[PDB]
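Following: one structure in structure tokens, then a few remarks.
Chains as they are written, first to last, in the working numbering: chain A, 804 to 870; chain B, 6 to 248; chain C, 3 to 98; chain D, 101 to 148; chain E, 4 to 252.
This is the structure:
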């Protein structure tokens, strides 16, 4: 989805993209939130990797039940 | 982030200095009106609280107050007492308006400004002139040898604007009419609101000196504070990047 | 760069032109038949900032420049030199 | 690119370089030295 | 794995902006220099299925066309133009170009050249009477005085070709000389007519328009953005390193 937040307004009337009032629109990307999101996504990724690694040994050891 | 606000702040203070430096450079200019910068804050973002965006200069207003007179024994220089503008014909063909009363005569008679631009209506001075008289009401008379009466030449008509602050400054001590200062009103000096003329005196600059010194002190301190703001924001971002 | 150094420099140059005129007038106080000089000052071009009608436009100055130096051809005082070859003019006129 | 929107493109510069250093040949002031061997040129000329 | 490229692109283009900024600041004292503006534009990758990847690319939307502070050098050949005015000089490839550097020099044989480019008047390149005190009027009229002869001469010679063209209609060439854009060429002809409404001042030289506040803020922002992209790259690399063990049965 595309975020619905007040787009940042910077007064640059010389820019061709300035409106009648002259405010060019800059994205609403916050810096701190994105770094926190990157860290959280990395730690969830690694946790799921650890879960798969843990399950894997049990998976391979299940198949020795028959033989 | 908060850098795009202190950037506008710094731009504002440099605009203020460029106005103050312009005022201080034109101290000796005859018929100069001081400029004053006007600042305005930008659009606020509402998410209720209101977050600002910075500052933007609007329009430098010039003060049309009558400056002091200085005496020059030159008979071609005149000064305006009140509001009014001398009309000057540009080389292109449009008319500009000036308050510099330092006039000369060129090789074909005729009164011109300091840069040689002709002064309208055109006032042709004869060669056998002995003394030139520019009167209170703009009557330009000339004395000739033998004649016991002076020969009238012309009228120095002053142009009055409804809003004098809206004139566009060309540069070379000329103001041209704009939309905000339209309908120039020619008049004989002394009637219909126009000012009078003093012959042999030149109007001095309007600029006050102590005000500009205090203004530069304030501008410098505000500029230093805004640079400190930029430094603090940079340091916060540098600390953030290390994460 | 953009800095009020280029405006104050023209201010200094203007004041120095004025001082040069003053010094030249002072050096010629004893010269016979000398016309005093006066410097006429007039500011530079104005830069107009285009805004997004308005009662006053946003205009920033650039400095000042000396354009006209005038000599006042007024009749000076007469001094008496008993030397019979010296003459003076009552009015406007130049010897060729 | 092919054109309301800003123009695209990327034209990076390369730097600064001094091209020519000029001398202003305007007549200087005169200083008085009573010795009979110094002379000063009044205008555009050079001694050989 | 490709998220390590997206951030990389930003970092790389950050360096590009820095170069542009340096190219501006190296020309802080260049007469009649027009600082190039830089702008990052985002390009999204179109395709199936979830549009998550959006790269950056730097661009230079022309130059900043606010006239700089004037330099008062007592040289009659030095000229400064009214806002949105251009001198027309013959470029290297026998074609017209527009410049703001008003430092005009006189050749040994009397040709007027700016930075080695012969200036073009109403009749073409100007030929000045070898050796002459050139005086330029307020609209470009050139008067030449020959040494030794009387001063009742100051005969005029020609008139400069001064062109009105706003910053939107002009693009820079690789030689540093500005020209018309294709749209402006179509709408206003190939060679522009001289506008007599442009005022030119003699005895003043125009400097660059490099704003130092903007340059400093751009450097700070570029450094911070570069550090953020490096951190993202490190995170992605570490994640892939951890993820590449699953393949062990």
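The C-beta atom is built at its ideal place from N, Cα and C for all residues, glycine as well.
Could you pull the start and end residues of the alpha helix (DSSP H) that residue i belongs to?
i                      : result
residue 7 of chain C   : 7-29
residue 836 of chain A : 834-865
residue 53 of chain E  : No alpha helix (DSSP H) holds residue 53 of chain E; DSSP gives it neither H nor E.
residue 228 of chain B : 214-246
If you follow the beta strand (DSSP E) that residue i is part of, which residue opens it and which one closes it?
i                      : result
residue 167 of chain E : 165-167
residue 46 of chain B  : 44-46
residue 107 of chain E : 107-109
residue 204 of chain E : 203-205
residue 46 of chain E  : 42-47
residue 77 of chain B  : Where residue 77 of chain B is concerned, there is no enclosing beta strand (DSSP E), given that its DSSP letter is neither H nor E.
residue 116 of chain B : 114-117
residue 51 of chain C  : 49-51
residue 136 of chain B : 134-139
residue 117 of chain E : 115-117
residue 160 of chain B : 156-160
residue 163 of chain B : 163-165
residue 148 of chain B : 144-149
residue 162 of chain E : 158-162
residue 207 of chain B : 206-208
residue 122 of chain E : Residue 122 of chain E -> no beta strand (DSSP E), and no H or E assigned at all.
Who are the near neighbours of residue i in its chain, counting only those whose CB is closer than 7 Å to its CB and skipping five residues on each side?
i                      : result
residue 150 of chain E : 134
residue 47 of chain E  : 54 and 57
residue 211 of chain B : 37, 38, 39, 68, 70 and 72
residue 169 of chain E : 87
residue 13 of chain C  : 65 and 66
residue 225 of chain E : 17, 20 and 21
residue 234 of chain B : 11
residue 200 of chain B : 85, 86, 87, 88, 89, 163 and 194
By the three-class DSSP mapping on this structure, what secondary structure does residue i have?
i                      : result
residue 75 of chain E  : coil
residue 828 of chain A : strand
residue 90 of chain B  : strand
residue 129 of chain B : coil
residue 215 of chain E : helix
residue 66 of chain B  : strand
residue 240 of chain E : helix
residue 181 of chain E : strand
residue 62 of chain E  : strand
residue 8 of chain E   : helix
residue 170 of chain E : helix
residue 56 of chain C  : coil
residue 191 of chain B : strand
residue 184 of chain B : coil
Is it right to say residue i is buried, meaning 16 or more other beta carbons lie within 10 angstroms of its own, or is it exposed?
i                      : result
residue 822 of chain A : exposed
residue 42 of chain B  : buried
residue 84 of chain E  : buried
residue 810 of chain A : exposed
residue 81 of chain B  : buried
residue 120 of chain E : buried
residue 20 of chain E  : buried
residue 98 of chain C  : exposed
residue 244 of chain B : exposed
residue 44 of chain C  : buried
residue 16 of chain B  : buried
residue 177 of chain B : buried
residue 49 of chain C  : buried
Considering only residues of the same chain and omitting the five flanking positions on each side of residue i, which have a CB-CB separation below 8 Å?
i                      : result
residue 816 of chain A : 825
residue 26 of chain B  : none
residue 831 of chain A : 806, 808, 809, 810 and 811
residue 136 of chain B : 80, 147 and 148
Bridge partners for residue i per DSSP, in chain order?
i                      : result
residue 777 of chain A : With chain A running from 804 to 870 in the structure shown, residue 777 of chain A is simply not present.
residue 137 of chain E : E:147
residue 101 of chain B : B:93
residue 81 of chain E  : E:106
residue 32 of chain E  : BP columns for residue 32 of chain E are empty, so no partner.
residue 201 of chain B : B:86
residue 130 of chain E : E:114
residue 192 of chain E : DSSP, once it has assigned bridges, lists no residue as partnering residue 192 of chain E.
Does any heavy atom of the ligand SAH sit closer than 6 Å to the C-beta of residue i?
i                      : result
residue 225 of chain B : No copy of the ligand SAH occurs in the structure displayed, which carries no ligand at all.
With a threshold of 6 Å on Cβ separation, who are the neighbours of residue i within its own chain once the five nearest residues in sequence on each side are excluded?
i                      : result
residue 128 of chain B : 116, 145, 158 and 159
residue 224 of chain B : 18, 21 and 22
residue 29 of chain B  : 217
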